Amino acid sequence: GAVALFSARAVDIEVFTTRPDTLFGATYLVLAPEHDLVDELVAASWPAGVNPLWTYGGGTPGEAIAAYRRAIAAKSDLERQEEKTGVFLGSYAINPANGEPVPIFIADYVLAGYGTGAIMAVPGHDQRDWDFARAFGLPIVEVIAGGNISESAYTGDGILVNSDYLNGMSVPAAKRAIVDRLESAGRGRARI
């Protein structure tokens, strides 16, 4: 895999990914609810026109985040074993591949004590992210041709699309190219 940095649009969030080849399809970030950077990244107010599904019914991001943290504490092993929930922080990070802003969420599907405690979400190609994006109304972008992203996440090998300098490469070739690019920029590393 790889670790990669996403810059705050307004602080770097380090993610661990086994699919760095899919970087151009990362449409949002997810931090564990406990992640140390959450309180720092929480906006004072919601953006105008925010999707109500993203706000946990909280009047401000800080109120919604406290409510989410309190609510998920009422979950038992049963719930944690078994739907995608979560909350928008009101803030954005920059995707280092395409320079596009992506919204930052917390969600309990991301575990605090594993990897870096944060992920890049690629709904096109990770079913967990696909499910979350469908529930929240987040963009789902195909970057690996081979499947049908309107049906389910496509998790297999294929050919890079919608990925600029990666276009036409296989998954293994694209992983090497993007790690090379991350290293040249000082923004990522290959990691076991």
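Sequential numbering from 1, following the sequence displayed.
- Coverage remark for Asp108: present in the model in all other entries compared whose chains are built on both sides, leaving no third without it.
- Modelled in this chain, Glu83 is nonetheless unresolved in at least one third of the other entries of the protein that span it on both sides.
- Going from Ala10 to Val11, the model skips 4 to 9 deposited residues, which lack coordinates.
- Where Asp77 is followed by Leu78 in the displayed chain, the model omits none of the deposited residues that would sit between the two.
- The stretch 33-41 shows the higher mean C-alpha B-factor when 63-71 is compared against 33-41 in the entry.
- Mean CA B-factor, 22-30 versus 49-57: the higher value falls on 49-57.
- The PDB entry assigns its highest CA temperature factor, among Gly90, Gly86, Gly113, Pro96, to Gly113.
- In this PDB entry, the Cα temperature factor of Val3 sits in the bottom third of its chain's modelled residues, the lowest group.
- In the deposited entry, the Cα temperature factor of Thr155 sits in the middle third of values across the chain's modelled residues.
- For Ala135, the recorded CA temperature factor ranks within the highest third of the chain's modelled residues.
- Sort the modelled residues of the chain by CA B factor and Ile144 lands in the lowest third.
- In this PDB entry, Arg187 carries a Cα temperature factor that places it within the middle third of its chain's modelled residues.
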